[PDB]
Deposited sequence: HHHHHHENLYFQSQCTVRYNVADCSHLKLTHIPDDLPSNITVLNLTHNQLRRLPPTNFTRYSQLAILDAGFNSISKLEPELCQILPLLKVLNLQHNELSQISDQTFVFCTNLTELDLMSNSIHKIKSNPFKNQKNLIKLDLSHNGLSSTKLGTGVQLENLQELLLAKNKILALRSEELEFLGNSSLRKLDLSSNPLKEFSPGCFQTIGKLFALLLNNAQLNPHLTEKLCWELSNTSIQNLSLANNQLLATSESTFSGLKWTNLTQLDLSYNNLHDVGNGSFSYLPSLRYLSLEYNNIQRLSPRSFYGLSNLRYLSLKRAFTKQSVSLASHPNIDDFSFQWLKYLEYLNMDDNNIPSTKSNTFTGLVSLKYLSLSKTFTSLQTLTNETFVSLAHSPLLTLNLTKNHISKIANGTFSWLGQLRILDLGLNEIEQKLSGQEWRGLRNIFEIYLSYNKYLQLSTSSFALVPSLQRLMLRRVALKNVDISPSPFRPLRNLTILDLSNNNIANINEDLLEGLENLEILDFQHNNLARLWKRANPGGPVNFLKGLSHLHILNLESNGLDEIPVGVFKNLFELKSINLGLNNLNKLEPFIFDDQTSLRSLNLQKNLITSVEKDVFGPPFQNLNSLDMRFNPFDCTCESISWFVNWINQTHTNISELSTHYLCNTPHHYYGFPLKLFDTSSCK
């Protein structure tokens, strides 16, 4: 049966052979996609006279009658995607006068000859793609007043002349796609005849660096602002290539996937207003300083995988002062490249750059010296992503130049050293230091003395050592909020740790073998860890070997919202272990060994809990153990996932596997 919902009956994957006419008569939307339909009888739309749009696609619909839309004058969107409409006639639409969006995706309409769209005056979107068209002309008169998207994708247009374009005289083509159409020639004036042409999409149209030169002149004196040229054969460019754009104001230009091998001297000198430029996925050999000459307004450059693979000692290389022209650049991306290493004047000139990414860019950057980032002295950087570079060591003061740096990322590297606090010399105001997934990070007493402004500090899977030294290396980080120490196998710690971080909110301790610290039989008592940092919200102690939470290591943590103590080994919980957690919102105690869940322990937190999770525990179906629990279950509104399936008793001998919430407690208490 179809899913009737608030006047939008969506009938998807219903195998409907013929259009059903069911109850709802106020429906405004109807989905027919993914159904085998012969065709649409124009008369079954009398019980359905209110539909504003109808999604009728992915059905083998032979043909269409003008009745369907003219018996339904209130029509806005008619989706007719992938249906088989081999031919079309103006009659079909002579009545249709309210539609604004006409979708035709795969219909074998190959040839049209009529003036079918003299009636659509409100038609904005007009998708005519993959239909085997051999010419673009769709009429003889000046029609389609307000048409803002004209797609012609994967058709067989071979050329563009002003004769097959004239029917758009006063329209404003906000997006004219022509992707994958094997164009070979653009008749002069085949673009001057469109009213207002903003965008363009020549993807996959197999262009040559010569055709381009011509197309440019045919785009001159036009109002084009976006222009894409992805998936072409622009093996190289010269100053004469884009010469035709000089009379234009081109905002964004894309050149990804062109196997572009050479970027001639002064090839961009004629785009003094370009504000975005994507060079992704090209095999660029090198960049002379005069390469980018002209782009005095560029604001976003992407070089992701834009350089040839490393050869043969023919690795790609950029020369000094190569960016001295982009005095306005503010986002430079250079991922996935093989550039050897940085030079003293590589980034010289960028006096406005603020987001720089170099993830997986260098190959010989094993060691970061104090002279690597000298180029970025005058650049107000606010971000530096250095993931996946095989960095193996950071020399002293290497970041002294990045004064205003805020978000720094050195994760997924091979750093194996002993932090001595000097590595951060100069990071006046640093926000967060994502430093996870490294080889070895021996800590010292002053490792973080120089950066007292940290907010987030990730140390996931860095094989930490020397974390019990006193005082805590985290002592000077007073503004710290988010701290992560998972997957480190932290043998032991002193309670001195975390002293004074009154702002710590999120704390992670997954996989850290913290068993002994909380056992009652310690050298000198269980570690009253988590002391007086009231502001903690989310606490994580998953899979920590934990065996016993000693009474009152959760004191004064009133604002704590989410405890996650699952995957440990907990059987006996001493009363009042949770007493200040009166605002707890989500508890997780799965895969533990908890046999009994009494009221003196979980009472206070279960009060206003929101989502509990204690699946897979060996629950004990007796009345002096789970009675109160089963009752709470019956009378709660706390989302408890898989209550019927994964909650089950494993004792008594004759209750092994019995549904937890079925144990009748009505005969006790």
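No C-alpha positions are given for the deposited-sequence stretches 1-13, 325-326.
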